[PDB]
Amino acid sequence: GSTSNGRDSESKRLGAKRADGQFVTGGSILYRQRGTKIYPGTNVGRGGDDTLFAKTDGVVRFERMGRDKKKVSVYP
Amino acid sequence: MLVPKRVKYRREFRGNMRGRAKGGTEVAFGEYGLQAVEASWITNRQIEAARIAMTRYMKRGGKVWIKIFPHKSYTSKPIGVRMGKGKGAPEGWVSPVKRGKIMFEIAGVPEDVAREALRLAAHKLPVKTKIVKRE
Amino acid sequence: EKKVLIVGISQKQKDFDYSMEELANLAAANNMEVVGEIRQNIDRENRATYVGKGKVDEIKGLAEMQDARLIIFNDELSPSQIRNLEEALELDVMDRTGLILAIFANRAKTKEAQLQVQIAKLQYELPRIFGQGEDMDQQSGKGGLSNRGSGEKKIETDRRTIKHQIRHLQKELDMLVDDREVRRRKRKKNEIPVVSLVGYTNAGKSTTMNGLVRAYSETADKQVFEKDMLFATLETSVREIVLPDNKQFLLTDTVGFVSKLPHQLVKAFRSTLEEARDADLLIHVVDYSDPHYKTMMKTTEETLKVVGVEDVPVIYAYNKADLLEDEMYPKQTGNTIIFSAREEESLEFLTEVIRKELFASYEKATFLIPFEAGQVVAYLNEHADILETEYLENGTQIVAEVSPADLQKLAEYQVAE
RNA sequence: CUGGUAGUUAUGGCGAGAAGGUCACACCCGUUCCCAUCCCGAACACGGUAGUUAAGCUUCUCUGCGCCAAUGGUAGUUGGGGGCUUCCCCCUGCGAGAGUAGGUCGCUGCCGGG
RNA sequence: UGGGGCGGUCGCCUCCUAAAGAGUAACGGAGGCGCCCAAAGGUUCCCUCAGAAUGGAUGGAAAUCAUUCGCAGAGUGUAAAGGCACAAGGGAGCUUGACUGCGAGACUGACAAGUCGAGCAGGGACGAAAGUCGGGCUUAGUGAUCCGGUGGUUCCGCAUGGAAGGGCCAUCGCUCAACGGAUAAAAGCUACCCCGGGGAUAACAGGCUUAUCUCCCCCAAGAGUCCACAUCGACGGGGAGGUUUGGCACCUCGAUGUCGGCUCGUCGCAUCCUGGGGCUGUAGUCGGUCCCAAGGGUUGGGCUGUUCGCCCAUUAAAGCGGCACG
RNA sequence: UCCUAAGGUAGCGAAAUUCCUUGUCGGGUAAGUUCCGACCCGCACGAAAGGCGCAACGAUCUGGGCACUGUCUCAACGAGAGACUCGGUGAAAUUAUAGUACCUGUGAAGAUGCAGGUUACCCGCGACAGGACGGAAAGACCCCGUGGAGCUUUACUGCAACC
RNA sequence: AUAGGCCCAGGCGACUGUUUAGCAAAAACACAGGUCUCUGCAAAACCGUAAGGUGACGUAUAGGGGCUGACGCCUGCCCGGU
RNA sequence: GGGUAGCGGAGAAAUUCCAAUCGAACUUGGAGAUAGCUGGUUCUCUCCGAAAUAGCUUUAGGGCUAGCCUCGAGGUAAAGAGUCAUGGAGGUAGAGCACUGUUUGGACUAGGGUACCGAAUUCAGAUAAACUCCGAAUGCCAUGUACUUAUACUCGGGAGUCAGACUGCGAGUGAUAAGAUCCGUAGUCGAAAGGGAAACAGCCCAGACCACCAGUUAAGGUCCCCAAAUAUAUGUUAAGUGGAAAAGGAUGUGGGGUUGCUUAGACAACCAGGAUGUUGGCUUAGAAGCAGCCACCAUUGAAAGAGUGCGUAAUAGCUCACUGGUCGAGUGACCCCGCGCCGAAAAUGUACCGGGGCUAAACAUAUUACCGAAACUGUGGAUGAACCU
Ligand SMILES: Nc1nc2c(ncn2[C@@H]2O[C@H](COP(=O)(O)OP(=O)(O)CP(=O)(O)O)[C@@H](O)[C@H]2O)c(=O)[nH]1
Ligand SMILES: [Mg+2]
Ligand SMILES: [Mg+2]
Ligand SMILES: [Mg+2]
Ligand SMILES: [Mg+2]
Ligand SMILES: [Mg+2]
Ligand SMILES: [Mg+2]
Ligand SMILES: [Mg+2]
Ligand SMILES: [Mg+2]
Ligand SMILES: [Mg+2]
Ligand SMILES: [Mg+2]
Ligand SMILES: [Mg+2]
Ligand SMILES: [Mg+2]
Ligand SMILES: [Mg+2]
Ligand SMILES: [Mg+2]
Ligand SMILES: [Mg+2]
Ligand SMILES: [Mg+2]
Ligand SMILES: [Mg+2]
Ligand SMILES: [Mg+2]
Ligand SMILES: [Mg+2]
Ligand SMILES: [Mg+2]
Ligand SMILES: [Mg+2]
Ligand SMILES: [Mg+2]
Ligand SMILES: [Mg+2]
Ligand SMILES: [Mg+2]
Ligand SMILES: [Mg+2]
Ligand SMILES: [Mg+2]
Ligand SMILES: [Mg+2]
Ligand SMILES: [Mg+2]
Ligand SMILES: [Mg+2]
Ligand SMILES: [Mg+2]
Ligand SMILES: [Mg+2]
Ligand SMILES: [Mg+2]
Ligand SMILES: [Mg+2]
Ligand SMILES: [Mg+2]
Ligand SMILES: [Mg+2]
Ligand SMILES: [Mg+2]
Ligand SMILES: [Mg+2]
Ligand SMILES: [Mg+2]
Ligand SMILES: [Mg+2]
Ligand SMILES: [Mg+2]
Ligand SMILES: [Mg+2]
Ligand SMILES: [Mg+2]
Ligand SMILES: [Mg+2]
Ligand SMILES: [Mg+2]
Ligand SMILES: [Mg+2]
Ligand SMILES: [Mg+2]
Ligand SMILES: [Mg+2]
Ligand SMILES: [Mg+2]
Ligand SMILES: [Mg+2]
Ligand SMILES: [Mg+2]
Ligand SMILES: [Mg+2]
Ligand SMILES: [Mg+2]
Ligand SMILES: [Mg+2]
Ligand SMILES: [Mg+2]
Ligand SMILES: [Mg+2]
Ligand SMILES: [Mg+2]
Ligand SMILES: [Mg+2]
Ligand SMILES: [Mg+2]
Ligand SMILES: [Mg+2]
Ligand SMILES: [Mg+2]
Ligand SMILES: [Mg+2]
Ligand SMILES: [Mg+2]
Ligand SMILES: [Mg+2]
Ligand SMILES: [Mg+2]
Ligand SMILES: [Mg+2]
Ligand SMILES: [Mg+2]
Ligand SMILES: [Mg+2]
Ligand SMILES: [Mg+2]
Ligand SMILES: [Mg+2]
Ligand SMILES: [Mg+2]
Ligand SMILES: [Mg+2]
Ligand SMILES: [Mg+2]
Ligand SMILES: [Mg+2]
Ligand SMILES: [Mg+2]
Ligand SMILES: [Mg+2]
Ligand SMILES: [Mg+2]
Ligand SMILES: [Mg+2]
Ligand SMILES: [Mg+2]
Ligand SMILES: [Mg+2]
Ligand SMILES: [Mg+2]
Ligand SMILES: [Mg+2]
Ligand SMILES: [Mg+2]
Ligand SMILES: [Mg+2]
Ligand SMILES: [Mg+2]
Ligand SMILES: [Mg+2]
Ligand SMILES: [Mg+2]
Ligand SMILES: [Mg+2]
Ligand SMILES: [Mg+2]
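Structure, rendered in structure tokens:
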């Protein structure tokens, strides 16, 4: 006559935050994730909780590394 | 009656039955089979009744195949209980059959008793069927 | 296979251990397995909890350490006992009546039996509506001077509902009883003797009937059920027997009985024992290889008296006499038979026993059938035991024995020596 | 011809068979020192070439596994319109998965020797 | 809160629902948290798992040994998801960056809060060096303000010098768990009850639905002395009705009187009697079942508030339902 | 033999107390869910919240019988007071305006007033109560309001009083 | 004209009496009787801030409070908890 | 005639009485107590025009910030909208067994004591919201020099709203019920009149500034009520189907395909024949084709069965298969499709086309005219904004 469920967390707003070809300011976030779905490429670093940010001003370019992986790069 | 030995989750969605059958739309094991023309849920009780009436006429001569199995389970509520306060407890097991799916097979008997045995089976199922043969 | 306990108290019974073992067998019949047998020797059943204040704790502990779900009691419990036990043991409870109703509800393979089981179950569950509805009656909306809310009380409404849905099945069963005698019309119009069998479960009644049918019936393919499970046969079957001397009677089998059968179900079997109610010869198949056979036999007589079978010629037939070592079968003493219903000597023995009992007015009388008039030679061959026949120039000479009806039906053809 | 060192979605891999070599590269010998093993100079480390292509390595052949891959058709579906509405049908645009014709025993850059 | 009460829940993390960006509800389907680690953190160097077969053993199916095969079928302190074998998994040497002041720019977001961050200065650990280090593979392991305690201080100190006291930085005291916390401090009965509201919300009646209920059928195993279909018909399947038990909460709370009986009836037919007919396990009498048929008719008492029911005595028969359960 | 401070004694017992329940047997009746007498299986009797009896008393509650009767089968007649016609005097509750039919349907899901049909010349008098969800009383039942009041206690905080 | 109907059996309360003016006349209250307990006199109890009073112009065979309710037969076990 | 007065008095005790008022009298004052609750709020025209959501709350019919409306003022690397080209992140529909659960039928039993397995290998075939070796259509983010089009943003003044409803599509709970409940997405109502659905907020067409005895169209229609086709061409239905409802049953009817036989005579009828060993054996009182089981022959002949159904207790007798003749034009067997039939029962009165009525005035395909709105156009007026002179 009762239910033991009814609990859920708070959504973490994951996913991409900048688009391909868009000029981006240094220090800005590009992709929020758990683990490493996308690897940091050129001028991109991965933070403590695996958020890829940009080190220098440039243009975001999502691009394909070896057969089963992806990376994001920033080009001046 | 055909029930799963164990299940990962006791509760499942009702689902849907739109489109053609994904696979099993042809006869492969025997030489005659019942083919569904419409789509409906088939409980395990209707599978049993349509099988006893199907082997009894054959006098236990020849092999039959059951091409469906009741994987999904369904729940129900008692009379006198208002809506809410969770989900109902499971009652039975069903097999959603989309149109174009073979449900039975016959081999090892002549033409005359194969069609008649399938005819008695079809009257115990809630779908419109058709007797189909191999090639 | 569900895991259950088995509990019972002596309460001045004369058959405590046998009834306990019978409850064990009944539980094993319902795809239910036992994991403990608690027996108490208290004189009077406790008014509140069937067993007692202290025994409840022992039952609870044994079921807790034995991994059991349901507890099967040995006698029907009043609603207060049901509530107290189900609330203290924090599990479910079930008595003999509920168990045997569940057994019958699963073995019924006809409309009449199903309707009878349903009416008996509904009557059983009629007294427990108070405890069924007390939980919702503590919170039945409450209030006071509604000035617009109905005119009755919740409990009384529930009683009205259940009585309304019970008299309908009562009427349906009355109609079914009236129907059942249309098929009996042809047997009634033609006075034909019938031999009906009663006894206790697994006494061999069906095996006896099958042996006789295979021995004499023309339609030998027509057989009867035969299995070791409790209550294999739940419906009566009539068969027509033709002894080699051209004699005709019918032989019927009935459902078996068990000890302390609920009184609700005997009311339902009042109909199913109509065939034995109006019979000519009874056979009471008593097992002779089970030491409580005296108890089972007597129980059969009390059940029969409850149904209303009396003033009936009874022939006792002890079965399974092969198992007993160094015994003389087939035999006959008074009106008692020792035999096993799996041999070609016991069966034929019982056949001439029935021949002695039923047909005893078949006096012999010579006949002189006119030679031209046929159709009487044939009639006096399939309805008599022709001793000798002779041929003359003025007709044909027949000597045989016929029923006293035929002595006046064909009185003119007889000729005195 | 070979030894290093990079790029390139395994069409670059796996497996199978053959040829070759002190000019390289390896296998190999020994443990004095630098260093080394939860014990073991097996590896690591050091000192050399008595012996060797049987291994690693290079070249050659394959479709056996793997990998890559059309065309046509089909499921699905945005927009519009119909029905007998567990669902189903018609017009236009997009268009798989599986299966298949087919390809594959790699392609480029730099440096040192023979 | 599919009326209220009893029951259950109240904050945080993970998955599905969630309709291929993000977000998205229900007393919808599954689980965890209120910690732990002085190495389970940093750095340098090194290597690789589960399982199986084979021969020998005290020692057995499974303890330790050798070989072979072995893309993860293991492991990752703990739940799940995402991820990792150019380790984020496993060993050993040295250590305390589980540092101080900060911080361009972004994510999330009503606010309060929460998250990521290149880079600069001070002074260090590891490493030959390039370099890495502001706790742990990532995401939970926590509660504001007011008020008090402890340590420090180049701040103020009610005429002046002090002091009492306060300020600033660091830190401690909450199952304030109803977890954005009303107060430092809190349980029940009302049928003796009263006021302001509501058909936003229950009890009677209407409405939608038809699980349940009543009735009618399909297949035919069987019963019926042989005999599926005179009469019944299991295991299964399909409908009609809106009289039952239910679900919803659409009209009525500035009042829609609520059981049974009395008087008065009227309508439907799924017919209790009477009328006509087909089949019969219809010889006759008595019956059974089905088709047409609503013209008329359809009892008096004992017990109970009783509807119903049981019983006594009759009758051609003692019908079933609708009309706000007329 | 275990625990407890101790384990319900006498007397009653389907009771003003028994859910099951119309318990079971006997009486009364043609037929008795009530009544009377027994049984004890006391859900949940029990000794000053007194237990079991008890003559007299009761506008007390319950079951039965004699006499009596219009209570009834089943109604009939008669008398007086209203009603009814005439002369005098003459209110009230209610009221959006009204030339204010029936049926089937529709609609905030129950229509004199909407749609389609069927009926119906204009105005009154004596009667009956099916509808106007008829009149009267801002529902008491139910829920709500961080409304109220009376009462209780081992709820919080207090005061009188007493030691 | 005016002027008791009676009888058999049971529950409750012993009896006469009192009660919800205006819905309940009772099986409810009271009652004579039983028992426990407090009180030595400026008594205990009660009204009043006090003075002053009732108790009482009484004295324990007297006065206040709690429970039971004629009369008959009886009134069992437990002092751990309050 | 007197005594006891409301934080009080009386009470043979019922919340009983204290001036028709008592779970706490009446009167005046604090007092215009407080009411997150219900009711009420008065002249006109012009321009714009919502919400019924998120978060927190002793909070749920209240409030605060944000979201949505209106008025005023600013600044330009013109930033808003639509389409096109190009680049991306994301695992739904579908599908699949490469992992994990569920599961069918075979070969398969190293070892336990041969599934009873601890079981495993392999072949073939299924299944999944919490499975994925794969994977769209749409949607979303951005760049452009593209074409078109009018908004965006910031600051400030003023609000209202936080009960939503139905319909189409995708899901959950429910029973793959509800005019049910809870979300996402689009529309309409709310706040929308007009025309069609008989009547009928949410369905279909379509947005009313005013006047006109002007015209063209949309949904829907053109026999009468009621404006416009008793229109054209080719077919179907006989059920008032059209204008209500299934499993299942059937020589209803129309259209295609596959085929046997036949003027060296097809089917149907009429005439004749239809027999012998022989009553085959066994079982039976009785079994002669026809109670039951066993092989079911040869003979006359072109045909006749060791007999297809009646019948006798049983013989008898009746009849058929087959053959010959008689007359002379077609007949027998399956599959596919369209429209129809039965299954079909309720309460005041036909009552399941609005009515009349219809054999087309019904249905299918195609074609042409007309009617039809406050829509659009024509004529004449009134008015708001922006931009010009
Ligand atoms: N030893 C023995 N066994 C017998 C004898 N008769 C029957 N049995 C066995 O006992 C079993 C019981 O079956 P049976 O008695 O025929 O069934 P039943 O008694 O008719 C069941 P019900 O009585 O409920 O209809 C049978 O399987 C049979 O093998 C006998 O005389 N001796
Ligand atoms: Mg989450
Ligand atoms: Mg880290
Ligand atoms: Mg961290
Ligand atoms: Mg690759
Ligand atoms: Mg109440
Ligand atoms: Mg039997
Ligand atoms: Mg050389
Ligand atoms: Mg040395
Ligand atoms: Mg393609
Ligand atoms: Mg492809
Ligand atoms: Mg999406
Ligand atoms: Mg998302
Ligand atoms: Mg939990
Ligand atoms: Mg404070
Ligand atoms: Mg100073
Ligand atoms: Mg100073
Ligand atoms: Mg809160
Ligand atoms: Mg009120
Ligand atoms: Mg409502
Ligand atoms: Mg209702
Ligand atoms: Mg109503
Ligand atoms: Mg009103
Ligand atoms: Mg009829
Ligand atoms: Mg008749
Ligand atoms: Mg008849
Ligand atoms: Mg009639
Ligand atoms: Mg009487
Ligand atoms: Mg009703
Ligand atoms: Mg009524
Ligand atoms: Mg009684
Ligand atoms: Mg009584
Ligand atoms: Mg009595
Ligand atoms: Mg005492
Ligand atoms: Mg008492
Ligand atoms: Mg006492
Ligand atoms: Mg007494
Ligand atoms: Mg007395
Ligand atoms: Mg008068
Ligand atoms: Mg007058
Ligand atoms: Mg309606
Ligand atoms: Mg109406
Ligand atoms: Mg009208
Ligand atoms: Mg009048
Ligand atoms: Mg009106
Ligand atoms: Mg009214
Ligand atoms: Mg009100
Ligand atoms: Mg109060
Ligand atoms: Mg009395
Ligand atoms: Mg008295
Ligand atoms: Mg008196
Ligand atoms: Mg009164
Ligand atoms: Mg009175
Ligand atoms: Mg004095
Ligand atoms: Mg008393
Ligand atoms: Mg007393
Ligand atoms: Mg004490
Ligand atoms: Mg003491
Ligand atoms: Mg007083
Ligand atoms: Mg009062
Ligand atoms: Mg009271
Ligand atoms: Mg008084
Ligand atoms: Mg008064
Ligand atoms: Mg004031
Ligand atoms: Mg207030
Ligand atoms: Mg506008
Ligand atoms: Mg509101
Ligand atoms: Mg605002
Ligand atoms: Mg694109
Ligand atoms: Mg799918
Ligand atoms: Mg503003
Ligand atoms: Mg909100
Ligand atoms: Mg809301
Ligand atoms: Mg909504
Ligand atoms: Mg709906
Ligand atoms: Mg709704
Ligand atoms: Mg709602
Ligand atoms: Mg609009
Ligand atoms: Mg509004
Ligand atoms: Mg409109
Ligand atoms: Mg309109
Ligand atoms: Mg309509
Ligand atoms: Mg209109
Ligand atoms: Mg306009
Ligand atoms: Mg026109
Ligand atoms: Mg016209
Ligand atoms: Mg009618
Ligand atoms: Mg216009
Ligand atoms: Mg103009």
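Protein chains in written order, with the authors' numbering: chain Y, 16 to 91; chain O, 1 to 135; chain v, 2 to 418. All C-beta atoms in this analysis are idealised placements derived from N, C-alpha and C, irrespective of residue type, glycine included.
In the structure shown, the three-state DSSP call for residue 92(O) is strand. For residue 250(v), the enclosing beta strand (DSSP E) has its first and last residue at 248-254.
The three-state secondary structure of residue 9(O), taken from DSSP, is coil.
Distance from the CA atom of residue 243(v) to the CA atom of residue 285(v), rounded to whole angstroms, is 22 Å. Against chain Y, the CB of residue 8(O) has no partner CB under 8 Å away; the residue lies outside that interface. In this structure, 52(Y) is the residue among 76(Y), 52(Y) and 90(Y) with its C-alpha nearest to the C-alpha of residue 84(Y). Two segments are said to touch when three or more pairs of C-beta atoms, one from each, lie closer than 8 Å; by this definition the stretch 97-112 of chain O does not touch the stretch 75-90 of chain Y. Within its own chain, the residues whose Cβ lies closer than 8 Å to the Cβ of residue 396(v), once the five positions on either side in sequence are excluded, are 369, 370, 371 and 372, listed in chain order. Chain Y has a Cβ within less than 8 Å of the Cβ of residue 85(O). Exclusion of residue 172(v) from the 7 Å shell around ligand 1 follows from its C-beta lying no nearer than that to any non-hydrogen atom of the ligand. Taken through DSSP and simplified to helix, strand or coil, residue 110(v) comes out as coil. Annotation for residue 301(v): 199, 200, 201, 258, 285 and 287 place their beta carbon closer than 8 Å to its own, counting only its chain and skipping 5 residues before and after.
Note on residue 110(O): under 16 other CB atoms within 10 angstroms of its CB, so exposed under the neighbour-count rule.
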